[PDB]
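Student: Can you keep this structure in mind? I'll have questions shortly.
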Amino acid sequence: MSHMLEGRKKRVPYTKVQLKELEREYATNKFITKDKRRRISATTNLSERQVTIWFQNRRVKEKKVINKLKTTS
(Lines give C-alpha, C1' and ligand atoms only; values in the text may rest on other atoms or scores of the structure.)
Protein backbone atom coordinates (compact mmCIF):
# COMPACT_ATOMS: atom_id res chain seq x y z
CA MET A 1 0.00 0.00 0.00
CA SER A 2 2.30 2.77 -1.22
CA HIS A 3 3.58 4.02 -4.56
CA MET A 4 2.69 7.47 -5.82
CA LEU A 5 -0.88 8.76 -5.65
CA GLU A 6 -3.66 7.98 -8.11
CA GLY A 7 -4.46 4.42 -9.17
CA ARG A 8 -7.49 4.28 -11.47
CA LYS A 9 -8.21 0.55 -11.35
CA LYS A 10 -10.77 -2.07 -10.39
CA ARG A 11 -10.61 -5.85 -10.80
CA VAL A 12 -7.12 -7.23 -10.13
CA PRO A 13 -5.54 -10.34 -11.74
CA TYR A 14 -4.41 -13.37 -9.73
CA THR A 15 -0.65 -13.33 -9.13
CA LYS A 16 2.38 -11.74 -10.74
CA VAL A 17 4.04 -15.09 -11.36
CA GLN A 18 0.77 -16.35 -12.60
CA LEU A 19 0.13 -13.77 -15.29
CA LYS A 20 3.83 -13.61 -15.97
CA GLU A 21 4.25 -17.29 -16.66
CA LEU A 22 1.05 -17.29 -18.66
CA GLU A 23 1.93 -14.47 -21.05
CA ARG A 24 5.48 -15.79 -21.24
CA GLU A 25 4.83 -19.34 -22.33
CA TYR A 26 2.15 -17.96 -24.62
CA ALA A 27 4.27 -15.19 -26.08
CA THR A 28 7.23 -17.52 -26.53
CA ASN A 29 5.52 -19.69 -29.11
CA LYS A 30 1.83 -20.47 -28.70
CA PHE A 31 1.37 -23.29 -26.26
CA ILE A 32 3.43 -25.38 -23.89
CA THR A 33 3.79 -29.15 -23.52
CA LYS A 34 1.90 -31.16 -20.92
CA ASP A 35 5.04 -31.07 -18.81
CA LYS A 36 5.39 -27.38 -19.49
CA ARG A 37 1.77 -26.42 -18.92
CA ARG A 38 2.11 -28.44 -15.76
CA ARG A 39 5.06 -26.39 -14.63
CA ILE A 40 2.74 -23.48 -14.75
CA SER A 41 -0.16 -24.97 -12.83
CA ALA A 42 2.55 -26.31 -10.50
CA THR A 43 4.04 -22.89 -10.03
CA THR A 44 0.75 -21.14 -10.31
CA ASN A 45 -0.85 -23.89 -8.22
CA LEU A 46 -3.86 -24.90 -10.35
CA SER A 47 -5.02 -28.19 -11.90
CA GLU A 48 -3.50 -28.28 -15.41
CA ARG A 49 -6.91 -28.15 -16.92
CA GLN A 50 -6.94 -24.70 -15.41
CA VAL A 51 -3.81 -23.70 -17.29
CA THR A 52 -5.25 -25.03 -20.42
CA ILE A 53 -8.21 -22.91 -19.58
CA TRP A 54 -5.93 -20.10 -18.66
CA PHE A 55 -4.45 -20.13 -22.08
CA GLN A 56 -7.88 -20.01 -23.69
CA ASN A 57 -8.83 -17.23 -21.31
CA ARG A 58 -5.67 -15.41 -22.11
CA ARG A 59 -6.88 -15.68 -25.69
CA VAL A 60 -10.18 -14.31 -24.63
CA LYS A 61 -8.57 -11.59 -22.51
CA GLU A 62 -6.10 -10.46 -25.16
CA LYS A 63 -8.74 -9.57 -27.69
CA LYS A 64 -9.84 -7.07 -25.06
CA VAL A 65 -6.88 -4.94 -26.14
CA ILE A 66 -6.22 -3.31 -29.50
CA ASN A 67 -9.85 -2.25 -29.14
CA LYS A 68 -9.68 0.58 -26.60
CA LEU A 69 -7.35 2.94 -28.43
CA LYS A 70 -9.91 5.25 -30.01
CA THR A 71 -12.44 4.80 -27.23
CA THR A 72 -15.15 6.26 -29.44
CA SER A 73 -17.49 5.05 -26.72
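Ordered as shown in the C-alpha coordinates, chains take letters A, B, and onward, while each chain numbers its residues from 1 and ligands are numbered from 1 in the order shown.
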Neighbouring residues of residue 45 in chain A were defined as those with any atom within 12 Å, considering only C-alpha atoms; residues of the same chain fewer than 6 positions away were excluded. Please report them as a list in words.

Tutor: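 These residues fall inside the cut-off: residues 14, 15, 17, 18, 21, 37, 38, 39 and 51 of chain A.
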
Student: Where in range 3-66 of chain A does DSSP assign alpha helix (DSSP H), given as a PyMOL selection string?

Tutor: chain A and resi 16-28+34-40+49-62

Student: For a quick check of understanding, using only C-alpha atoms, which of A:47, A:73, A:57, A:2 has the smallest distance to residue 22 in chain A?

Tutor: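 Checking each candidate against residue 22 in chain A, we get A:57 as the closest.
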
Student: Which one is closest to residue 52 in chain A: A:12, A:4, A:65, A:32? Count only C-alpha atoms.

Tutor: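 Closest to residue 52 in chain A, using only C-alpha atoms: A:32.
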
Student: Please, what distance in Å, to one decimal, runs between CA of residue 24 in chain A and CA of residue 49 in chain A?

Tutor: 18.0 Å

Student: Excluding residue 62 in chain A and its own-chain neighbours fewer than 4 positions away, which residues fall within 12 Å of it when counting only C-alpha atoms? Please give them as an NGL selection string.

Tutor: :A and (22-23 or 26-27 or 54-58 or 66-68)

Student: Between A:70, A:31, A:16, A:3, single out the one closest to residue 53 in chain A, counting only C-alpha atoms.

Tutor: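 The shortest atom-to-atom distance to residue 53 in chain A comes from A:31.
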
Student: Given only C-alpha atoms as the basis, pick out the residue of A:29, A:69, A:61, A:19 nearest to residue 41 in chain A.

Tutor: A:19

Student: Can you tell me how far CA of residue 59 in chain A sits from CA of residue 8 in chain A, in Å to one decimal?

Tutor: 24.5 Å
